[PDB]
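A lone chain, given as structure tokens: the form deposited in one PDB entry.
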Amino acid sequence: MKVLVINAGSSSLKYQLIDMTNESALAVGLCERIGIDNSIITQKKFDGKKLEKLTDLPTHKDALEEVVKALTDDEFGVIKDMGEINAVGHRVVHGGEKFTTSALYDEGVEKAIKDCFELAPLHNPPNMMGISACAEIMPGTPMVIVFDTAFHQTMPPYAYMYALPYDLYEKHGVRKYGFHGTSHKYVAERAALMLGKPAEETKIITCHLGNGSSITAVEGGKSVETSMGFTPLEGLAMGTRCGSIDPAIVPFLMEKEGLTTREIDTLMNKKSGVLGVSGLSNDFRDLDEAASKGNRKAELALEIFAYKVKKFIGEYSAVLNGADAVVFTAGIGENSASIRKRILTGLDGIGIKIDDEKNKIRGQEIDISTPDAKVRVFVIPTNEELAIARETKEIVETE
């Protein structure tokens, strides 16, 4: 069986065709600037051959057609016809209270996603677009949905409950959810393996740092606590997200600037984070370079980001009464060695120590902590696509 995993964003679309027979990633591509000028799609074959097509991509639909065209490229493709795509896995951030486990797509599931648009303004609408593009290009192909909140469902009440009037939890299902679950679960299993101990016996602090970032306290292979909550805004500072700020600032900023609830939401989700502090951009790579060239703002922005990650690391050490290892994955966590250093410096007092040199290695699963450090520090590249393709393989077969 072959599965196309889809990851949609407002104007981007990450895809990946995986051969479930030997779980090999036949091809990995990306569509950018969907809706802007100079639309483009890049693809990389398992043999290295790369493709790039400059062609206007107005909607996620057009891009999904170019995707099928790239996948079936006579020489740079990996298949002959669209029919070779047996199923399609989709990433969906919020499924709501009702949907928290991978599920075959149906009118009902589509209802829950849209209904949750307000719970994940930056992701669900775009994920939904990908799902639609999909239905407009390959209607006959089975579709499975995998939710970011799934993995965090084993949290205890004293953790997912907010200290608000109890009726809010009943009247509106307002509780902590968490996201990036599918990623936190994958790298967590990887850590258990690099530890040599069985999952049930390990205590790990997984760190997903990308456009969005979140930490999770995995005990015995199960999420017991996570940085994000009701929505993907709570927690760490991110690309354009403010994270856990004093809530009183909302009403305050609303009165002082006379902003509407809609506006204060867009401000917290699209104009804050490192973008808001740096005043430069949301790309941590850009910020890294700009900070190293003398831009105080970019410097301050990354300073706030690493420090916040550091505090959460200490915060989950108490939760787990001692963590065996800390895991860095995702865009920033896998590639950035500099930001990683910023996050881990000054933590030898809680067992964390790292080899500055081994820490300079590229994208490789490796222990970057001193061999004597009580706490291991793995840099594990994430692979949600496989996690999603695996989930998609099961649902479609098990009826």
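When you see a residue number, it is the position in the sequence shown, counting from 1. What we label the rigid core is the largest C-alpha set whose atoms superpose within 1.5 Å from one form to the other.
The following text describes the form deposited in another entry, which does not appear among the structures shown.
- Lining up the core between the shown form and the other one shows that one residue from 314, 198, 108, 156 moves its Cα 2 Å or more, and that residue is 108.
- Core-superposed comparison between the shown form and the other one: the Cα of residue 252 travels less than 2 Å.
- Here residue 33 counts as shifted, since its C-alpha moves by at least 2 Å between the shown form and the other one after the core is aligned.
- Relative to the superposed core, residue 66 undergoes a C-alpha shift of no less than 2 Å between the shown form and the other one.
- Pairwise change in the other entry: residue 185 and residue 97 C-alpha atoms lie closer than in the shown form, at least 3 Å.
- Relative to the shown form, the CA atoms of residue 97 and residue 179 are brought 3 Å or more closer together in the other entry.
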